[PDB]
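Accompanying notes for the structure given below.
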Amino acid sequence: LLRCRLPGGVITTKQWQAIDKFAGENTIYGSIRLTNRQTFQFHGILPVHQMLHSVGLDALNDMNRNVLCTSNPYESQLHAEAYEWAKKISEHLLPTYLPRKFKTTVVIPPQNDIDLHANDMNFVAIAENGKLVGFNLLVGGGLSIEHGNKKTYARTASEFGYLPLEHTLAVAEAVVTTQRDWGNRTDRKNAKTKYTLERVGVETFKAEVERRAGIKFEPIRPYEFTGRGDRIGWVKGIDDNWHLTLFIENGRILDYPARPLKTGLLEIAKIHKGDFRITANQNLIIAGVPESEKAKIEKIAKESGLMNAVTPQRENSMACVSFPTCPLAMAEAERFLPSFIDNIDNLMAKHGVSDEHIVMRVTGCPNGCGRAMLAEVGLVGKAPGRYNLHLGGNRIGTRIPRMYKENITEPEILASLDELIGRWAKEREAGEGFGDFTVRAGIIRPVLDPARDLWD
Ligand code: SRM
Ligand code: SF4
Ligand SMILES: [K+]
């Protein structure tokens, strides 16, 4: 169980070659697993740190987790600055004992690929003339719950206000320390920032942060999100550069018969001029490809099976690791997803909505690593082959889905979705997402204030 610290998911080809060798020669599984926090994991290590240190990498007493940063912004020029900040915040937070783990992100609107609402502290980038001027601060998200425990809940992050770029580190430090001091001491299931906020009140927490940071928050600056998915395929970057995002099912990199994904990426790493970017959706970006090099890269990716076409549905689906390695797993997630989506693909076709997508996620237990508590349709593992079915989130990930059915099997889940997708296909307004539709049509009540109305 080794996971590397890699702010913003940026990894060089020199580092990639080193981790590729290790994975193949020194682990039981022989795979590289991309995580939804923009980093990677080895499974079944039979020296790991010596290998990491040799290529300038380190593995994380420390309660901090990998700092995320939007991987492929529409305004491509903004990535460099945003990434510099994610790296500075990461280094700033490097070892104070936090009550529970603390998660941070740097977001570039209109993309919410990093799923800000699942994190403790989020810096939403505000730019003026292609340059960052400051950040809107949102605090308090977290998705972990305990089955049947109405004292636990998934919570979205709350807006605090805007801060100029110069106050970033002082503000980051103030949020961390306030949480460290005010976090619950008796209980660990109630130590997370989301619980502290609900206990003391957002304004109380905000006031202490301003006091500690020595600033006063300005009113929030306008921002909107349009989606959370990756931009699969080729997109034009800045200058004569291009970015190729490869869809990797479950982020599982291994050589399969007829699809040598691992060898393919190694061959690309050997000729690639730039670096790679691991996304929050468990995919990989071959970044900074000069136009002249496009054909060489695509040839390898094509031959290796890395560019095999899948439906928009599959591109917007996700699952956590779960079995066989997770010791806390209740139901299959990663190993269940491929065939489950084969079934969903058929239902979408049956109803004439094959070009559409529903943000669908499977998490193996309520800890919520697969981020099902921010999905339009979320499945939460309860027992072998059984899940709680949640409905009602939205495409952008700003609403928690309420439990619709409890402890049901795949056939029961499919039967319910066949009916609902059928209704959505016929009764939806123009451009209306599935989650919003279930709420509008009265199929499920929305969750308007999680700490108080998540549980029926
Ligand atoms: C690999 C990954 C899932 C994936 O398929 O991508 C994952 C895998 C594990 N997570 Fe996580 N978590 C992953 C993202 C998250 C997320 C989502 C996110 O951060 O974007 C969450 C939900 C958001 C949240 O924290 O509220 C999440 C909430 C947890 C929790 C519940 C924490 C809590 O506040 O209660 C645990 C259990 C714990 O810490 O006690 C945990 C525990 C674990 C462990 C380490 C199990 C353990 O403690 O022994 C899992 C290892 C499985 C394995 O064999 O590899 N993981 N986990 C993600 C690794 C990210 C990373 O590089 O750090
Ligand atoms: S949600 Fe549960 S089963 Fe899935 S990786 Fe996290 S801890 Fe393991
Ligand atoms: K993926």
Side-chain angles (χ1 to χ4, degrees), residues 1-7 9 29 31 33-45 59-60 63-68 98-105 113-120 122 140-147 149 152-157 187-195 228-230 232 245-253 278-284 310 314-338 341 361-374 378-382 387 397:
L1 198 294
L2 186 71
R3 186 190 292 145
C4 181
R5 187 186 60 100
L6 198 74
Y29 289 98
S31 61
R33 178 59 155 68
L34 307 183
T35 78
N36 63 17
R37 282 201 81 79
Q38 306 183 329
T39 187
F40 63 91
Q41 298 193 162
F42 294 126
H43 285 106
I45 301 170
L60 283 173
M63 292 289 103
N64 217 258
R65 285 304 178 270
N66 208 39
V67 176
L68 314 190
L98 300 171
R100 206 74 169 75
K101 47 194 175 181
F102 201 87
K103 294 178 172 180
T104 307
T105 72
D113 51 322
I114 54 66
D115 243 338
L116 86 81
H117 289 291
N119 299 260
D120 294 275
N122 306 280
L143 309 179
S144 181
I145 67 169
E146 217 167 82
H147 285 311
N149 187 342
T152 67
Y153 47 78
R155 191 192 189 268
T156 50
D187 191 28
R188 152 158 280 226
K189 306 174 174 193
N190 192 250
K192 196 77 180 173
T193 312
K194 60 186 186 182
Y195 296 117
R228 293 184 282 177
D230 283 345
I232 305 307
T245 301
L246 305 171
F247 166 74
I248 302 179
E249 195 162 28
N250 293 313
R252 187 68 64 167
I253 299 171
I278 303 177
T279 77
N281 290 294
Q282 302 158 346
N283 294 318
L284 189 67
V310 299
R314 195 171 309 253
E315 294 177 354
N316 293 92
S317 298
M318 182 167 72
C320 71
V321 176
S322 187
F323 297 115
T325 54
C326 187
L328 315 178
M330 295 176 180
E332 298 276 355
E334 170 168 347
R335 303 201 295 192
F336 168 80
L337 195 70
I341 299 304
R361 303 170 172 182
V362 185
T363 197
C365 79
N367 280 327
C369 313
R371 303 208 292 264
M373 287 307 281
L374 287 176
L379 276 56
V380 185
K382 198 167 162 63
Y387 309 83

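Numbering starts at 1 and runs along the sequence shown. Start at 1 and go down the list; that is how both ligands and their atoms are numbered. Reckoned from all heavy atoms, side chains included, excluding hydrogens, waters and symmetry mates.
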I'd like to check which ligand 1 atoms, numbered from 1 as shown, lie under 4.0 Å from a non-hydrogen atom of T325.
53 (C), 54 (O)
Where the closest heavy atom to atom 51 (C) of ligand 1 is concerned, which of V362, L1, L60 has it?
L1
Can you report which non-hydrogen protein atom sits closest to atom 2 (Fe) of ligand 2, along with the distance?
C365 SG, 2.2 Å
Considering non-hydrogen atoms of the protein only, which is the closest contact for atom 62 (O) of ligand 1, and what is the distance?
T35 OG1, 2.9 Å
Output the list of atoms in ligand 1 that are nearer than 4.0 Å to some heavy atom of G142, sorted by atom number.
26 (O)
With a 4.5 Å heavy-atom cut-off, do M373 and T363 have their side chains touching?
no
Does ligand 1 have an atom under 4.0 Å from some heavy atom of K101?
yes
Nearest 0.5 angstrom please: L374 CG to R361 CZ, how far?
6.5 Å
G370 heavy atom under 4.0 Å from ligand 2
no
Atoms in ligand 2 flagged as close to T363, the criterion being non-hydrogen separation under 4.0 Å:
1 (S)
Does any N or O of ligand 1 fall below 3.5 Å from an N or O anywhere on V321, backbone included?
yes
For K194, state whether at least one heavy atom is located under 4.0 Å from any atom of ligand 1.
no
Say whether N66 and ligand 1 are in contact under the criterion: heavy-atom distance to a ligand atom below 4.0 Å.
no
Can you tell me how far apart CG (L1) and OG1 (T325) are? Round to the nearest 0.5 Å.
7.5 Å
Heavy-atom distances under 4.0 Å are what count here, so tell me which part of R33 touches ligand 1: side chain, backbone, both or neither.
side chain
Measuring to protein heavy atoms, does anything land under 4.0 Å from atom 60 (C) of ligand 1?
yes
Close approach, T39 and ligand 1, non-hydrogen under 4.0 angstrom:
yes
Under 4.0 Å from a heavy atom of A319: give me the atoms of ligand 1 that qualify, with their elements.
5 (O)
How long is the span from the CD atom in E249 to the CG atom in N283, to the nearest 0.5 Å?
10.5 Å
Does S322 have a non-hydrogen atom less than 4.0 Å from ligand 1?
no
May I ask you to check if ligand 1 and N367 share an N or O to N or O distance below 3.5 Å?
no
Between the side chains of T105 and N119, is a donor N or O closer than 3.5 angstrom to an acceptor N or O?
no
Suppose we measure from atom 20 (O) of ligand 1 to each protein heavy atom; which comes out shortest, and what is that distance?
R371 NH1, 2.8 Å
Would you mind listing which atoms of ligand 2 come within a distance below 4.0 Å of any non-hydrogen atom of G368?
1 (S)
For ligand 1, which atoms have a heavy atom of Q282 less than 4.0 angstrom away?
4 (C), 5 (O), 6 (O)
Give me the nearest non-hydrogen protein atom to atom 18 (C) of ligand 1 as residue plus atom name, then the distance to 0.1 Å.
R37 NH1, 3.6 Å
Could you check whether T39 and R3, counting side-chain N and O atoms only, form a donor-acceptor pair closer than 3.5 Å?
no
For atom 58 (C) of ligand 1, which protein heavy atom lies nearest, and how many Å away is it?
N36 OD1, 3.6 Å
Examine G368 against ligand 1 and note whether any of their N/O atoms are separated by less than 3.5 Å.
no
Compare every heavy atom of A118 with every heavy atom of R371, then report the nearest pair and how far apart it is.
CD-CB, 4.0 Å
Do you know the tightest heavy-atom contact between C320 and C369?
CB-CB, 3.9 Å
Numbered atoms and elements of ligand 1 in range of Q41, under 4.0 angstrom, heavy atoms:
1 (C), 55 (O)
So among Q41, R252, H43, which one has a side chain to side chain donor-acceptor pair (under 3.5 Å) with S31?
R252
Does the side chain of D113 come within less than 4.5 Å of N281's, by heavy atoms?
yes
Do you know which two heavy atoms are closest between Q282 and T35, and how far apart they sit?
CG-C, 3.8 Å
Quick one: closest heavy-atom pair of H117 and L143, and the distance?
O-CD2, 4.3 Å
Tell me the protein heavy atom at minimum distance from atom 52 (C) of ligand 1, and give that distance in Å.
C326 CB, 3.8 Å
Distance from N122 atom CG to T104 atom OG1, nearest 0.5 Å?
7.5 Å
Location of contacts on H43 toward ligand 1, heavy atoms closer than 4.0 Å:
side chain
Determine whether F247 and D230 make a side-chain contact, defined as any pair of heavy atoms from C-beta on separated by less than 4.5 Å.
no
Could you check atom 49 (O) of ligand 1 against the protein and tell me its nearest heavy-atom contact, residue, atom and distance included?
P327 CG, 3.5 Å
For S144 and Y195, work out which heavy atoms get closest and say how close.
O-OH, 4.0 Å
Closest protein heavy atom (residue, atom, distance) for atom 24 (C) of ligand 1
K103 NZ, 3.7 Å
Return the closest protein heavy atom for atom 4 (Fe) of ligand 2 as residue, atom name and distance.
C320 SG, 2.2 Å
For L143, take its heavy atoms, then give the atoms of ligand 1 lying under 4.0 Å from any of them.
24 (C), 26 (O)
Note: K189, heavy atoms under 4.0 Å from ligand 1, region reported as neither
Let me confirm one number: the CG-OG distance from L337 to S322, rounded to the nearest 0.5 Å.
11.5 Å
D120 with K101: basic N within carboxylate O range, under 4.0 Å
no
Under 2.8 Å: N/O/S of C326 next to atom 8 (Fe) of ligand 2:
yes
Closest protein heavy atom (residue, atom, distance) for atom 3 (C) of ligand 1
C369 CB, 3.9 Å
In ligand 2, which numbered atoms sit nearer than 4.0 Å to a non-hydrogen atom of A329?
3 (S)
In the structure I gave you, are the side-chain heavy atoms of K189 and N149 within less than 4.5 Å of one another anywhere?
yes
Are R33 and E334 side-chain neighbours, meaning at least one heavy-atom pair lies under 4.5 Å?
yes
Provide the number and element of each atom of ligand 1 under 4.0 Å from a heavy atom of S144.
26 (O), 31 (C), 33 (C), 34 (O), 35 (O)
Could you tell me whether any N, O or S atom belonging to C369 is less than 2.8 Å from atom 6 (Fe) of ligand 2?
yes
If you compare all heavy atoms of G140 against all heavy atoms of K194, which two are closest, and at what distance to 0.1 Å?
O-CB, 3.2 Å
